[PDB]
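Listed next as structure tokens: two forms of one protein chain, kept apart as structure 1 and structure 2.
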Structure 1
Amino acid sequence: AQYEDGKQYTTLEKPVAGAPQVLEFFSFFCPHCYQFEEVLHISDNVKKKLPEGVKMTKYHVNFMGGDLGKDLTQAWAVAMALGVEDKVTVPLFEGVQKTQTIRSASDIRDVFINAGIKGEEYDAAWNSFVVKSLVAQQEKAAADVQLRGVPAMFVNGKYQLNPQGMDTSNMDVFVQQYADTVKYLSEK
């Protein structure tokens, strides 16, 4: 076939029931994740080709960046809880990897506030039940798929995208093939 198990994607030994249709794992403290998002724009490309009714979810991992990595995972939970993911993704990536302006939890807070989120609102969300739950969900999902590295993407909690098996003869062909594979897999 055009797409085959072993090439563009691998199948998980134990399928995760009730997992998000398309789950992506990343970290702001991850160089390849920066390229994946900010440079190559793999996510946006994948989203653009997803079938009707298929949604994409992005979880942050906590095993990178030490304590700040932990704080960034909770801050990401806040972003999801408040629905402001697309307002903070860029400043967080740039601030962490490019300009090196984000070095603590309070620096992260400044980023959200500058983005339009009121301080009280952020602080409320930070200590909320929804956020505590989200933090736990993110780590649990990573464990369910036996995640050891990011960036990574899973479809229907059964397939894992395998970039190493894709056509990497050109930056554009790679990106397009990645998006096409996710689309193909979600129709299963």
Structure 2
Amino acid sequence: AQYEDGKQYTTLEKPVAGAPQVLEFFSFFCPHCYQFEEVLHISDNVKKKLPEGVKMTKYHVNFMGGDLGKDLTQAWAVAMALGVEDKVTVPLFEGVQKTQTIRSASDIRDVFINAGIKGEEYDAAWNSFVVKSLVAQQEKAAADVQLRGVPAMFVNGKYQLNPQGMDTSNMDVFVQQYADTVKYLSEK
């Protein structure tokens, strides 16, 4: 078969019922995640290969970066609650990995302020119980699949993408194979 278990994807031993159809996990501390966002634009290219309107979900994880890692999961919950993911993803990545100017929760907050989210708006969300359950949702989703590594993508709670089984001599061909694999898995 052109696509087979163990090559472009692996199959979860215990599938996860009611999981988001396309679910990505990442960390602002994760170097491949940085490339997946800035150099490869994986989420964008996957979306362009799936039917219009289908739900793609993207969640942050705690297991990289200790205290700041958890702050960033809460900040990502803020970003999702306010709908400003597209505004803060790049400056958070660069603040953590490129300039290394993000060292505290205050520094994370500055990224949002510079992105134009008002201070009162950020702080009210940060302390909201709506963001607490959004944090809980990100944790539960990752715990359901015993996630020990990012970047990760799961399809229908059943299939996990295997980018190590794809060729990386050409960055565009890799993004293609990844997006085409998500499509094939989604139709499975």
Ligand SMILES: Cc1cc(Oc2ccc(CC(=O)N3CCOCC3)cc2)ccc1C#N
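For the two forms, the rigid core is made up of the largest set of C-alpha atoms that agree within 1.5 Å on superposition. Residue numbering: sequential along structure 1, first residue numbered 1.
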| query | finding |
| --- | --- |
| Between structure 1 and structure 2, the form solved in complex with this ligand | 2 |
| Rigid core superposed: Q176 CA moves 2 Å or more between structures 1 and 2 | no |
| Displaced residue check between structures 1 and 2: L12, CA, 2 Å or over, core reference | no |
| Distance the CA of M166 travels between structures 1 and 2 [rigid core superposed, Å] | 2.4 |
| Between structures 1 and 2, C-alpha offset at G116 (rigid core aligned, Å) | 1.1 |
| Between structures 1 and 2, C-alpha offset at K70 (rigid core aligned, Å) | 0.7 |
